[PDB]
Structure formats: C-alpha cells, structure tokens
Amino acid sequence: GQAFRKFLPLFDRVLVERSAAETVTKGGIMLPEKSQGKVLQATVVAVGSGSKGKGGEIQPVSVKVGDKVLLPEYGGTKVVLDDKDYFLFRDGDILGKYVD
Amino acid sequence: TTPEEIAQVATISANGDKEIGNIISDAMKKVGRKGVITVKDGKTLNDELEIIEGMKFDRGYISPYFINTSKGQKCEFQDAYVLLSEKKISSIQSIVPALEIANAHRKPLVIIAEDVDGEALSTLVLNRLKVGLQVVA
C-alpha cells in the first residue's frame, strides 16, 4: 500500500484530494464561492493494503496513486494533513477513473 | 380643428384660467388629442407639465451596486442588450449564458424579470464589482 505524507489508510480505504473548483466560466464570468457545490473529481494520493474478505492473501485496491477518479456524491470522510484537506473513501465507492 | 379652440375650451372650463388652458393645450399637442394625461398634486407653487416618453415603469434596480454615474444615483447604459424573463432568475445556469453573450459582444445588459434570487444576484454583483462588467437587474 502506497502511503502519503506521514499517513497510510487501513484496509480498502483510499485517500484522495478533490480538484480545485471552477472560479470562472469560459467567457470570463466568475462564480461565487458559495456556489459550484463540491468537486467530484479527485486525485488518488494514498491507497490501503487491501481488503481481507477473500481467504489467504490480500487483494489490492483497483486504483493506484496518481489516478484521476470521479468521487460519489456522498460517503467521504474529512482528513486534515499539514493544514490541507483530503477525503477518505472506500475502494468500492469510487464511481470510475479517467483513463488517459 | 385648431389647438386654439382646445386652449379656449380648457380655459373656459377652468373658470377662465389662461395658464391651465395653455398647459392642457400643450400637453394635448405633445402627446396627442387622445393621449394619456394624468393630474396629481405638486409640491411647488406653480403648475408643471412633465412628459414621460419611451417606456418607463416604477421598478428600480434591486441592489444599489450597479450605479455607474453617481450624479443622481442612477445607471445609464447606451446601446444595451435587454433580457426579459417571465419567471424568476435564480439558477447559475439560467443567467450565465446571457452574461457570456453580453461579455463577448461587449455591451451592457439589462435583466428585466419578476425578481432575481440569491445565486444569480450574487453572481451579478460579483461580476459588476470585480470585472467591471456593465449589467443591471
């Protein structure tokens, strides 16, 4: 399980950081902070060792550090690392990843 | 036939007041013999005649942040776009494209609607204050 800055998720949880919100539109129209909701696009920065549901060895998570993923609407857990914000999800909660 | 007869009728009916007849004749000349003439009390000592041309309605700007003249706390735009909406404008998606078109064409935008709710109004004030985009609601 690839770690992060003095942190390591346990079991299948994955720690990600949400992408920056869109401040302006294409034509230059700027949006207020209270708008635009929450960003569902994130980058995987930490992955746990894996689940233990299957007997024997450990099954690693499908994602890896450095993947761009689409988060679900709800289910994350707020974590504070070096005064910055990260979100801990489960492995199966991730909707999909942007292959590129 | 002549406006002099109109002035004479108005003078006779006003207990022989020449000024009232002249004022009524001028109003009829400038708005038509079958126009809309209203009478209201005045705070001054003399009768006054004022003509409202074009379109004018008794609804001012919602937030006093679009003022760009400050001589009379008023907002003037020349060659402006107009967006008329039957329903309230509240969503971001219901106001952004109009602002995009106005900014691309570099023309001020008047937004006449029933009301502008929190999100769209906040966007309008933010864009007016920071970018300086010409807009009014």
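Annotations for the structure displayed:
- Legend: calculated FRET efficiency, B:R33 to B:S94, from the Cβ-Cβ distance at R0 = 45 Å, rounded to 0.05, equals 0.50.
- Span per principal axis, largest first, for the Cα atoms of the protein assembly as shown (Å): 114, 30, 30
- Put a plus charge on the Cβ of each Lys and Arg, a minus charge on the Cβ of each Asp and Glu, and nothing anywhere else: the dipole of the stretch A:32-100 about its Cα centre is then about 160 debye.
- Distance violations [Cα-Cα > 23 Å] among B:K56/B:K88; A:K26/A:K78; A:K34/A:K84; A:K34/A:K78: A:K26/A:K78
- Degrees, to the nearest 10: B:118-130 long Cα axis against longest axis of chain B: 90
- Given +1 at the Cβ of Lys and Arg, -1 at the Cβ of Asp and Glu and no other charges, the dipole of the protein assembly as shown around its Cα centre is 960 debye to the nearest 20.
- Helical content alone sets the calculated 222 nm signal of chain B at -11000 deg cm²/dmol, taking -39,500 (n - 2.57) per DSSP H segment of four or more residues and averaging over every residue.
- Within the listed set A:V16, A:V47, A:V39, the residue fluctuating most in the Gaussian network model of chain A (springs between alpha-carbon atoms under 10 angstrom) is A:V39.
- By the beta-carbon count within 10 Å of each Cβ, the least crowded to most crowded order of A:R13, A:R5, fewest first, is A:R5, A:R13.
Ideal geometry is used to build each Cβ from the backbone, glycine not excepted, and the neighbour counts take in all protein chains shown. Taken together, the values in this text are just the output of simple stated rules run on the coordinates, not laboratory data.
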